[PDB]
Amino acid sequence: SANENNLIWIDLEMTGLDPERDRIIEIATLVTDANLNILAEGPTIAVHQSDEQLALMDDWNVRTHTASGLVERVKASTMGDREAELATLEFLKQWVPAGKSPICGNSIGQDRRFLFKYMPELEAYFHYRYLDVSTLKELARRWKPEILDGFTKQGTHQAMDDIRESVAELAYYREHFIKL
């Protein structure tokens, strides 16, 4: 059921913070309805990247991605940027029409930078706006720090759980920070 009011949540992992030097190594997406009810969980895909690219990762990235097991999944992966892009679009097309949903998540500005460069078609599937939960978090700690005590993220490596946590964060802000 593709509804124009549905929201696309995304979360990527990368070899580094530089779009021109680094690459996407993992992608995960999920769709909620306008009211944040999770409707469908898309595929979590380790994006294959060469051994030379992986050798370029800085100290902290190599540690985090090797420790989570992502490095192994990336090497065993048979899906590069385009293949992972296509599967993600195939999933999204069934839940949200193109150009309708802003990109949703926490600090998704950095993620969109990589989409622009390596997954242009998926990037264009989003509405141009950004729906960054961290923006509300920033405003909450500046104008109502109280609410930040009532919600605490556990932290995880699993891409999807990370996203569900972003959805929960925004749902918290909707009830106790936003004035509906």
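Note that residue numbering begins at 1 and tracks the sequence as displayed.
- In this entry, the higher average B-factor at the C-alpha atoms falls on 151-159, of the pair 114-122 and 151-159.
- Averaged over CA atoms, B-factors in the entry run higher in 62-70 than in the other of 62-70 and 39-47.
- Out of 57, 30, 131, 27, the entry records its largest CA B-factor for 57.
- Annotation for residue 18: CA B-factor lies in the highest third of the chain's modelled residues.
- Per the PDB record, residue ranking by Cα B-factor puts residue 79 in the highest third of the chain.
- Annotation for residue 107: CA B-factor lies in the highest third of the chain's modelled residues.
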